[PDB]
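Here we start with a single chain on its own, the form deposited in one PDB entry, put down as structure tokens.
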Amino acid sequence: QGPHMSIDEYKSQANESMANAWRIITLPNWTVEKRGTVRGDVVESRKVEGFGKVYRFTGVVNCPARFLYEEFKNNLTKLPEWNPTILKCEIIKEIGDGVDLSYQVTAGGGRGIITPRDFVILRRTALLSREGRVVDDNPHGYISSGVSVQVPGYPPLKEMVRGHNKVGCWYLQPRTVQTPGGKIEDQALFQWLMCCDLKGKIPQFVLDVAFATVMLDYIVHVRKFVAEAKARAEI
């Protein structure tokens, strides 16, 4: 344990956040908010004391879970190149054990329901077993969790709302399938937990549609990034 270390505070909050995201994303009783266009794609929600209403997208992506995991872990600044909803992404600092601070500017929903917002995110990216324990190899799932924090030097901009992520994560599980042609290929069950403090006072019903829409529009960009990696023989 480090003395006079604000880095222990950052690493502590990232671990607490990662454990909370894994624990929330694996909770059993969910309410369907919206079904997606691709079969099996769903946005669900549920109440969690301390967090309020949380949202969860679940869908299958045709690529190894490890490949997507590697892009989220090591190439987060390249996120705007293939996901238009991310206008800016920069790493603030990397502080060990898969933990980093990043600045992200997100775009609005288009309908004007969710306006563009910026974020200062504390993140932990790790390999997990079935009981939520951090492993060095043979993982059951791959997590990349985030929570909003304050970083001196990244204050709220007067020109933009500083959003607040209470609990969130990308969670990927490897899945090897038999295709209709008989081939054995690697696939990934992809889940995205979202819980944001907007700041506004718009009814819960209209924001349920807004958040589900954001989630469904995101998976389209992930599948396009995946389809290009497939075509250019990277997967």
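Note that the rigid core is defined as the largest set of C-alphas that superpose within 1.5 Å between two forms. Note that residue numbering begins at 1 and tracks the sequence as displayed.
Here 219-227 and 6-14 are compared by their mean Cα B-factor, and 6-14 comes out higher. If you average the C-alpha B-factors over 31-39 and over 196-204, the higher value belongs to 196-204. Across the residues 124, 164, 93, 111, the deposited record lists the maximum Cα B factor for 111. Per the deposited coordinates, the residue with the largest Cα temperature factor out of 137, 71, 100, 118 is 137. Placement of the Cα temperature factor of residue 85 within the chain: highest third of the modelled residues, per the deposited record. Per-chain ranking of the deposited C-alpha B factor places residue 141 in the middle third. Per-chain ranking of the deposited C-alpha B factor places residue 52 in the middle third. When the modelled residues of the chain are ordered by C-alpha B-factor, residue 58 sits in the lowest third.
The deposited CA B-factor of residue 151 belongs to the highest third of values across its chain.
Just so you know, the form deposited in another entry exists too; it's not on screen, but the next bit is about it.
With the core held fixed between this form and the one not shown, residue 28 has its Cα displaced by under 2 Å. When two forms of a protein are overlaid on their rigid core, residues whose CA moves 2 Å or more are considered shifted, and residue 203 is not one of them between this form and the one not shown.
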